[PDB]
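Asks: Sharing an experimental structure here, sequence included.
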Amino acid sequence: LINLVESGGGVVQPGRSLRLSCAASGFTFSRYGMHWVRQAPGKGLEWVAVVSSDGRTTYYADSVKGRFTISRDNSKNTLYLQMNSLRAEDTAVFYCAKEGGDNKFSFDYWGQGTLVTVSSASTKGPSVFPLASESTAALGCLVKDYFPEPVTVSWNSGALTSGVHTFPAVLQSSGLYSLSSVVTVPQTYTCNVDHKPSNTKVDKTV
Amino acid sequence: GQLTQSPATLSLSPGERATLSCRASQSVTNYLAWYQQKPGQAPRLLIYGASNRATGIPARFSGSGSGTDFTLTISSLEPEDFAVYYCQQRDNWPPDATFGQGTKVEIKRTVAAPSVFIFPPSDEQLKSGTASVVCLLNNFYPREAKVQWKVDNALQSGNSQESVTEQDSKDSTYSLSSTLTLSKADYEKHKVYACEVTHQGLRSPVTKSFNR
């Protein structure tokens, strides 16, 4: 019944801006205090800001004070977060949250989250390298230096799934991501790599 | 102001009882709330006011506590209950919410040693100026594992990054990837590349290596 849907997230360079939105439905929006909570990659939940139901009161985490501005529209029932002077450390999934009906010190509904990536990295497709006496053998593909997330990896157009492990991507110091996809075997092996951001497509036979 | 959750990770089998703890640094005015969160998904309210279940939350989830001590209990674990759990608090004023750092409820299974593999950088890649040496730890349990990189017997520190998969849906194991990054010039200056793995399932550490 109640629903919160966010949008506005995206990739941006340090010092620039972004405006996030959270459209509410299924409840009388104007009667509830609304918040923004973030979660940096691999970290826990972190409160960001709040705006009173009537929009007259706002409060911020010290780390965003003076840069971010929270506001709301009680006609279009939408919550906003204007983010200025963004830094690399602001990078995180941003969630809007509704103060609970039964208990306002809890968050009964959350938006799905929108990614805010603050980096000076350039949109780049990945280079795909092969990873080539024993009872079991391993092989795979090194999907290196791409940005931003995500990439999809399948083996033999999807026909091969057993024994496959596609690892979470890691942010190299260069600011570009890299990940490995492997398969163990006790046939031809081709990893299908797709990176939308750069409309890059590669089928690497290993 | 601060909420401490323990233990960091809870390893239990389906059907078992899970007891998660959250301790506030000072007495909380308003009883805490608990959230469940799965990888890549929004948190979801389980308990509020310390003991009240949110709508749609099954009876196996219960909560208790007051003052500085709160507990979240899952009477009997179902496969879909293995996730991360956070406790949360908030006051009228100031209005900022505080979150515990989370407790991961993980599936416990029999010990499984990882099979190890080491991959030299491809000539294709070397053709670009960089070298990535990869070490794979396939299907192991528990999660704790030690990966040590050595180049001509020099312990490598600070030039590797690793990644771990989520607990496998059918065998409940973990798999890990460790990538050692060296400039191509340095790669060519050394001969022996070794990845040593220490794990409970391995009665002796396992070393996989190659000579450039």
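Replies: Alright, I've got the coordinates. Numbering: from 1, shown residues only, chains lettered A, B, ... in the order given.
Asks: State the helix or strand in which residue 104 lies.
Replies: Going with chain A. When secondary structure is defined using DSSP states H and E, no element contains residue A:104, which sits outside every helix and strand.
Asks: Actually, chain B is the one I wanted.
Replies: Assessed by DSSP H and E, residue B:104 sits inside strand B:103-107.
Asks: name the helices or strands packed onto that strand?
Replies: Here strand B:103-107 touches strand B:9-12, strand B:18-24, strand B:84-89, going by 3 or more Cβ pairs under 8 Å, 6 or more residues apart in numbering or on different chains; DSSP states H and E. C-beta: built from backbone N, CA, C; applies to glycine.
Asks: Compute the distance from the centre of the helix or strand that that strand is followed by to the centre of its chain.
Replies: Once strand B:103-107 ends, the next helix or strand along the chain (criterion: DSSP H and E) is strand B:115-119. Taking Cα atoms, centre = their mean, to the nearest Å, one finds the center of strand B:115-119 at 21 Å from the center of the full chain.
Asks: which other residues reach the following helix or strand past strand B:115-119?
Replies: Once strand B:115-119 ends, the next helix or strand along the chain (criterion: DSSP H and E) is helix B:123-126. Residues external to helix B:123-126 that are found in contact with it (Cβ atoms under 8 Å, 6 or more residues apart in numbering or on different chains): A:127, A:129-130, A:142, A:144, B:131-132, B:184, B:187.
Asks: swap the cut-off to 10 Å and go again
Replies: When contacts are taken as Cβ atoms under 10 Å, 6 or more residues apart in numbering or on different chains, the neighbours of helix B:123-126 outside the stretch itself are A:127-130, A:142, A:144, A:204, B:120, B:131-132, B:184, B:187-188.
Asks: how about a markdown table for those residues, with secondary structure, distance to residue B:54 and neighbour count added?
Replies: Written out in a markdown table, the entries for the contacts of helix B:123-126 read as follows (DSSP: H, G, I helix; E, B strand; the rest coil; distance: Cβ to Cβ, whole Å; neighbours: other Cβ atoms under 10 Å in any protein chain shown):
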| residue | secondary structure | distance to residue B:54 | neighbour count |
| --- | --- | --- | --- |
| A:127 | strand | 47 | 19 |
| A:128 | strand | 45 | 25 |
| A:129 | strand | 47 | 26 |
| A:130 | strand | 49 | 18 |
| A:142 | strand | 44 | 27 |
| A:144 | strand | 43 | 20 |
| A:204 | strand | 47 | 20 |
| B:120 | coil | 52 | 18 |
| B:131 | strand | 51 | 21 |
| B:132 | strand | 46 | 23 |
| B:184 | helix | 55 | 15 |
| B:187 | helix | 54 | 21 |
| B:188 | coil | 60 | 12 |
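Asks: Any idea how many residues pack against the residue in chain A positioned nearest to chain B?
Replies: When scored by Cβ to the nearest Cβ, chain A has residue A:106 as its residue closest to chain B, at 3.6 Å. Applying the criterion other Cβ atoms under 10 Å in any protein chain shown, we find 28 residues in the vicinity of residue A:106.
Asks: ditto for residue A:109
Replies: As a measure of burial, residue A:109 has 22 neighbours, counting by other Cβ under 10 Å.
Asks: Over to the one 5 residues further on?
Replies: Other residues near residue A:114 come to 20 when the count uses other Cβ under 10 Å.
Asks: Let me see the contact set for the nearest residue to it once chain neighbours are set aside.
Replies: Closest residue to residue A:114 in three dimensions, ignoring its sequence neighbours and counting by Cβ to Cβ, 6 or more residues apart in numbering or on different chains: residue A:9, at 3.2 Å. By Cβ under 10 Å, 6+ apart, the residues touching residue A:9 are A:18, A:20-21, A:92-94, A:113-117.
Asks: Farthest pair within the contacts of helix B:123-126?
Replies: A:204 and B:188 (24.5 Å; Cβ to Cβ).
Asks: Isn't residue A:121 up against residue A:91?
Replies: No - look at residue A:121 against residue A:91 with Cβ atoms under 10 Å: they stay out of range, at 11.1 Å.
Asks: tell me, what's touching the two both at once?
Replies: With Cβ under 10 Å, 6+ apart as the test, residue A:121 and residue A:91 both reach A:11, A:171.
Asks: Do a quick rundown of the helices in chain B.
Replies: The residue ranges that make up the helices of chain B, judged by DSSP state H, are B:123-126, B:184-187.
Asks: And the first one, what's buried?
Replies: In other words, helix B:123-126. For helix B:123-126, a neighbour-count test (16 or more other Cβ atoms under 10 Å in any protein chain shown) marks B:125-126 as buried.
Asks: Same check on stretch A:7-19?
Replies: For stretch A:7-19, a neighbour-count test (16+ other Cβ under 10 Å) marks A:8-9, A:11-12, A:18 as buried.
Asks: Disregarding residues adjacent in the polypeptide, which is nearest to residue 141?
Replies: No chain was given, so I picked chain A. residue A:191 (3.9 Å).
Asks: hmm, I had chain B in mind actually
Replies: Spatially, and ignoring its direct neighbours in sequence, residue B:141 is nearest to residue B:112 (4.5 Å; Cβ to Cβ, 6+ apart).
Asks: quick check: domain ranges of chain A?
Replies: For chain A, curated CATH domains gives the domain ranges A:1-120, A:121-206.
Asks: Distance to residue B:42 added to the ones you listed, as JSON lines?
Replies: What follows is the domains of chain A, written out as JSON lines (distance: least, Cβ to Cβ, whole Å):
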{"stretch": "domain A:1-120", "distance to residue B:42": "4"}
{"stretch": "domain A:121-206", "distance to residue B:42": "18"}
